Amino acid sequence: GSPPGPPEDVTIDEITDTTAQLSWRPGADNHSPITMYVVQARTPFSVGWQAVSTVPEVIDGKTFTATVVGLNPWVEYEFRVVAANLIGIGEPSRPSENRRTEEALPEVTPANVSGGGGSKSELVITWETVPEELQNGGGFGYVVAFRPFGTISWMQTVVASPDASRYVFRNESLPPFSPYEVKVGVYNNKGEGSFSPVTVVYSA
């Protein structure tokens, strides 16, 4: 007896924004009954292959389909299935077809929203770009909002490039080294996300 051979014919039957239905067929058990199947996934951003959560939570050796859950929207996924018997965990299957999860509203706001400095009468606002795996859809962009500290009305502008990390508000009447409340939000083709927390940024 020895650990099982590779499962076979792993297919993505359906895929949503956060879930995928997987199916496969058994390989050789090598004279010890297969008692468990586990699913792994790989993205362009993972450190190799990684375990994923499934329904059912534990797939027994008599089950050949399962729903993978907790997937990242708008991310290219491949999956593989591994069998285990009493002797040990077996060899992984060949990977499934590559499929991208569906789009969804963006959920992560930009980190380290800050700013400061610049040339005369400039207000410089900066943030860390939201990485591609957290944009959750095409058409990702930012909304930059700022107002003089203590006022109500917001000044807002749409920064349509997902790779943007900086916005400069140039105005000759803007006062020197004056405090501004600043926040940065996100959106994509599915719709509007949230704003970051408010932080205080001074003009030049």
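Position 1 is the first residue in the sequence shown; the rest follow in order.
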Next on the checklist: Can you tell me whether 120 to 128 has a higher mean C-alpha B factor than 104 to 112 in this record, or the other way round?
Outcome noted: 120 to 128
Checklist entry - So which stretch wins on mean C-alpha B-factor, 44 to 52 or 165 to 173? => result 165 to 173
Checklist outcome for this item: Based on the PDB entry, the highest CA temperature factor among the options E181, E192, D9, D13 is that of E181
Checklist entry - Lowest, middle or highest third: where is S153 by C-alpha B factor in its chain? => result highest
Checklist entry - In terms of the chain's CA B-factor thirds, is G70 lowest, middle or highest? => result middle
Item to check | Third of chain Cα B-factors occupied by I87 | outcome: highest
Checklist outcome for this item: Binned into thirds over the chain's modelled residues, the C-alpha B-factor of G137 lands in the lowest
